[PDB]
Amino acid sequence: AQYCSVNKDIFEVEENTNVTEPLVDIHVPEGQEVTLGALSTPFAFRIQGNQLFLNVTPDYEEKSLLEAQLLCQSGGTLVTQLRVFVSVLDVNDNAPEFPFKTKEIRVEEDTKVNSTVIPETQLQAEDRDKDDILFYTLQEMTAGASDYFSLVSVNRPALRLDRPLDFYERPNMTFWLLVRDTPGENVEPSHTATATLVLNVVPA
Ligand SMILES: [Ca+2]
Ligand SMILES: [Ca+2]
Ligand SMILES: [Ca+2]
C-alpha cells in the first residue's frame, strides 16, 4: 500500500456549475507528497489537504475537457503519476442571434413559382451552443403575406415563392422570422430571436 491512488478519476460536471467541494481524496503513502504537474489544464485545479478541487466554473464553449496530472513525489523525486479528467457537459446557455433586425428583399413580379427567393445563408441565425439545431417560423405581419412565401422547412430557412406575385394587388409583404434553439416552443431552457423580413415586389 505504497502507491498514490484515487477511487475515481473521471468526473462529469455541467458547465456553469460551481464545484467548491473536493472532486476526490488522493491516497498518499507516508513519506510522499502530491502536487499538480505541468500537463494539468492551466488555471483549473488545486490540491489542498490531499484533495483535488476545481477552482473555476467550466464553460463547454471555451474547453470541454479538463485534465489534472497528479505527481506523487518522495523527497522531490517522482514515484508515480495519476490522471484525473473532468468531462464538461454542454448546457443550452446561449441564445440564437440573427445578424439583422429588419431587412428588405426586392423580388421581380415575374419570379417563377417554387423559386428560392432568399437562400438559407441570408436568413440563418447562429447559436454559440454549436450542437443546437435551430427551428425557424415565418409569421405574416401584413394579411395574406403567407399566401405568397413559406420556409422550405423549420430547419432550412430558405424563403420560397409559392404563388404568382402581383405588384398592383400586393407590392409589400412583411413577415416576423422567429428562431428557437429547441424543437419545443414551451420547454425550459429555450431561447428565441426575432427579425422582420420585408418583401418588395418590383414591377415588369
Ligand atoms: Ca457556456
Ligand atoms: Ca453551452
Ligand atoms: Ca442555445
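Computation of the quantities below employed the complete heavy-atom set of this structure, encompassing side-chain atoms and omitting hydrogens, waters and symmetry-equivalent molecules. The chain is numbered in sequence order, starting from 1.
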Which heavy atom in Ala95 sits nearest to a heavy atom in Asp181, and how many Å separate them? CA-OD2, 4.5 Å

Side chain to side chain contact (heavy atoms under 4.5 Å, CB included) for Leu134 and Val154? Distances and angles first, verdict last. CA-CA 8 Å; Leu134 300 189; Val154 70; over 6 Å; no

Minimum-distance pair of heavy atoms, taken over all atoms of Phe45 and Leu23: CE2-CD1, 3.8 Å

Under 4.5 Å side-chain heavy-atom separation, chaining through any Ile, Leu, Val, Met, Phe, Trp or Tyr, what else clusters with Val198? Say none if it is isolated. none

Closest approach of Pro29 and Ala1, non-hydrogen atoms and distance? CB-O, 4.3 Å

Determine, stepwise, if the pair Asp129 / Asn94 fulfils side chain to side chain donor-acceptor pair (under 3.5 Å). CA-CA 6 Å; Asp129 301 312; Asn94 291 276; 3.1 Å; yes

Any salt bridge (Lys or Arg N to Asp or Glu O under 4.0 Å) involving residues 156-169? Give me the pairs, sequence neighbours left out, ordered by first then second residue. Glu120-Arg156, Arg160-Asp162

With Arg83, which residues qualify under salt bridge (charged side-chain N to carboxylate O under 4.0 Å, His left out), at least two apart? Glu67

Stepwise side chain to side chain donor-acceptor pair (under 3.5 Å) check, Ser5 with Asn7: CA-CA 7 Å; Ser5 63; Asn7 77 315; over 6 Å; no

Roughly how far apart are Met173 CE and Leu165 CG, rounded to 0.5 Å? 5.5 Å

Decide if atom CD of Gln51 counts as having more than 12 heavy atoms of other residues, nucleotides or ligands within a radius under 6.0 Å. yes

Answer yes or no: is there a side-chain heavy-atom contact under 4.5 Å between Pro58 and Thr17? no

Euclidean distance, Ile47 CD1 relative to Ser40 OG, rounded to 0.5 Å: 7.0 Å

Would you mind writing out the side-chain donor-acceptor pairs for residues 96-111 within the sub-3.5 Å range, not counting sequence neighbours?
residue: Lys103; atom: NZ; partner: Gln122; partner atom: O; Å: 3.0
residue: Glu109; atom: OE2; partner: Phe167; partner atom: N; Å: 2.8
residue: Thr111; atom: OG1; partner: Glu108; partner atom: O; Å: 2.7

At what distance, to the nearest 0.5 angstrom, does CG of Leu70 lie from CG of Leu82? 5.5 Å

Taking the side chain as every heavy atom from C-beta outward, state whether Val13 and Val88 have any pair of such atoms under 4.5 Å apart. no

Min side-chain heavy-atom separation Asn92-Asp132 under 4.5 Å: yes

Could you list all the ring-ring contact (aromatic ring centres under 6.0 Å, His included) pairs where at least one residue sits in residues 129-155, not counting sequence neighbours? none

Side chain to side chain, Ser64 and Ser87, heavy atoms closer than 4.5 Å: no

So, taking the atom named OH in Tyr3 and the one named OG1 in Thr80, what distance separates them when rounded to the nearest 0.5 Å? 7.5 Å

For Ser74 against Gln32, the heavy-atom pair lying closest together: CB-CG, 4.0 Å

Would you confirm whether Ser153, through its side chain, and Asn155, through its main-chain N or O, come within 3.5 Å as a donor-acceptor pair? yes

Going by salt bridge (charged side-chain N to carboxylate O under 4.0 Å, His left out), name the residues that satisfy it together with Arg170, two or more places apart in sequence or in a different chain. none

Would you indicate whether the side-chain heavy atoms of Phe11 and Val24 approach each other to under 4.5 Å? yes

Pairs flagged by salt bridge (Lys or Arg N to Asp or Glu O under 4.0 Å) wherever residues 41-65 is involved - sequence neighbours left out: none

Check which hydrophobic residues are tied to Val187 through side-chain heavy-atom contacts below 4.5 Å, counting indirect links as well, and list them. none

Would you find more than 12 non-hydrogen atoms of other residues, nucleotides or ligands less than 6.0 Å from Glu33 atom CD? no

Hits for side-chain contact (heavy atoms from CB on, under 4.5 Å) against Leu78, two or more places apart or cross-chain, chain-then-number order -> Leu71, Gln73, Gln81

With a 4.5 Å cut-off on side-chain heavy-atom distances among I, L, V, M, F, W and Y, is there a chain of contacts connecting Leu123 to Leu178? no

Just so I know, are the side chains of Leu177 and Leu151 near enough to count as touching, which here means a heavy-atom distance under 4.5 Å? yes

Spell out, yes or no, whether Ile26 and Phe53 are grouped together once hydrophobic residues are joined by side-chain heavy atoms under 4.5 Å, including indirect joins. no

Show, in sequence, the C-alpha distance, side-chain angles and deciding distance for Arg180 and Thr137, and conclude whether the side chain to side chain contact (heavy atoms under 4.5 Å, CB included) test is met. CA-CA 9 Å; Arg180 63 170 186 275; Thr137 304; 3.8 Å; yes

Side chain to side chain contact (heavy atoms under 4.5 Å, CB included) between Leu199 and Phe175: does it pass, once the steps are laid out? CA-CA 8 Å; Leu199 282 288; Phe175 295 100; 4.2 Å; yes

Decide whether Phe43 and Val86 are clustered together by the hydrophobic rule: side chain heavy atoms of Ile, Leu, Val, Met, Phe, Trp, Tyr closer than 4.5 Å, transitively. no

Closest non-hydrogen atom pair, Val34 against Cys72: CG2-SG, 3.7 Å

Under a 4.5 Å cut-off applied to non-hydrogen side-chain atoms, are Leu36 and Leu52 in contact? yes

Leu159 and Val152, any side-chain heavy atoms less than 4.5 Å apart: no

Report the hydrophobic cluster partners of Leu89, with the cluster defined as I, L, V, M, F, W, Y residues connected by side-chain heavy atoms closer than 4.5 angstrom, directly or transitively. none

If you look only at pairs with a residue in residues 12-26, which of them pass as a salt bridge (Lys or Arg N to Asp or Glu O under 4.0 Å), with sequence neighbours excluded? none

Minimum heavy-atom separation for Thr174 to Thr142, with atom names? N-OG1, 3.0 Å

Hphob cluster co-occupancy, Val201 + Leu138, side-chain heavy atoms under 4.5 angstrom: yes

Nonpolar side-chain network containing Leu65, other nodes, edges under 4.5 Å: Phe85

Going from OG1 on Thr194 to CD on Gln139, what distance comes out if it is rounded to the nearest 0.5 angstrom? 10.5 Å

